[PDB]
């Protein structure tokens, strides 16, 4: 029953009674592990923003990181560092713009690199996790640029330098598969494979077109880099799965997250990070609710869980709150994270039973993005 605050008070009281001396200092966070979860608050487009580092097992904030305008957070899967690409202005929201990448030590949270990006080249957009992406070796960060045209910036994290912009076709998002290769999703309904050396034009190859013009693939797909599994819902809860693990795209059988009867009774996915994927269980989790067709970014109160191989529904959870984003820890007996932008609260659930275990409130102004590391 005892809360963190109570346990802390008891410990402070025992130390005082014992005459224990202790030097006030700066704390280090505990070692990154599978139950650490990061929550980013884009703060409804505010000029400065915050990320909260959370122990999901305790439901406790263990650290924070400040950011600028609409930063893109990334987390190395092996737990060795975290980074973001951010944007500041010389007079709050006016004046000279500077875009930069910071890399941070995951335990001290100090910055270990601050790499300027020339000519203010980031895409300023409500936050999509796969618009800035680490390669599997953690040595390169790739960020998306929209203006003047779609392009991808290559940032060397090891030598702590921007390298160059790559020209790409009319495509979006970045799913890295190798030190020198990533995929994007193109307007024409194909994926593009982009393979880049140290200099010169990248080699670009398209897949088959895998969805028609009027099937809408959401801005927040789930991507497991370790599995090479890209899980891409549409507005109706149809789920495309692409296996990129061979280095080339293989299209898996499509699954429906909702049944025909649910679709006829107004059920549709809705929210921000609407989909999660657990790699070891090979399971998909989708935020859904009954909604008009053009209310696709509103919160949802339910999560369906399905087997990714068969499309078989495994569970349907009533979340008990207005949930915008979900994700999962990637360990055995995972947690299911359910973040409410309106409540500014992360609800932590058992992913098996659906039950709310604990919660962490006061997460900024408009928190939206949950990131975890797959350390397994």
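Take the two forms, superpose them, and find the largest set of C-alpha atoms that agree within 1.5 Å; that set is the rigid core. Numbering follows the first chain given and starts at 1.
Choosing between 194-202 and 268-276, the greater Cα displacement from the shown form in 9 other deposited structures of this protein, fitted by the core, goes with 194-202.
When the C-alpha B-factors of 30-38 and 45-53 are averaged, 30-38 comes out higher.
Legend: mean Cα B-factor per stretch from the PDB entry, 3-11 versus 366-374; the higher mean is in 3-11. Residues shown: 342, 63, 334, 67. Highest C-alpha temperature factor in the entry: 334. Among 205, 87, 234, 219, the highest C-alpha B-factor recorded in the PDB entry belongs to 205. In this PDB entry, residue 92 carries a Cα temperature factor that places it within the lowest third of its chain's modelled residues. Ranked by C-alpha B-factor against the other modelled residues of its chain, residue 114 falls in the lowest third.
When the modelled residues of the chain are ordered by their C-alpha B factor, residue 163 lands in the middle third. Among all modelled residues in this chain, the alpha-carbon of residue 348 has a temperature factor (C-alpha) in the middle third. Annotation for residue 246: C-alpha temperature factor in the highest third relative to the rest of the modelled chain, per the entry.
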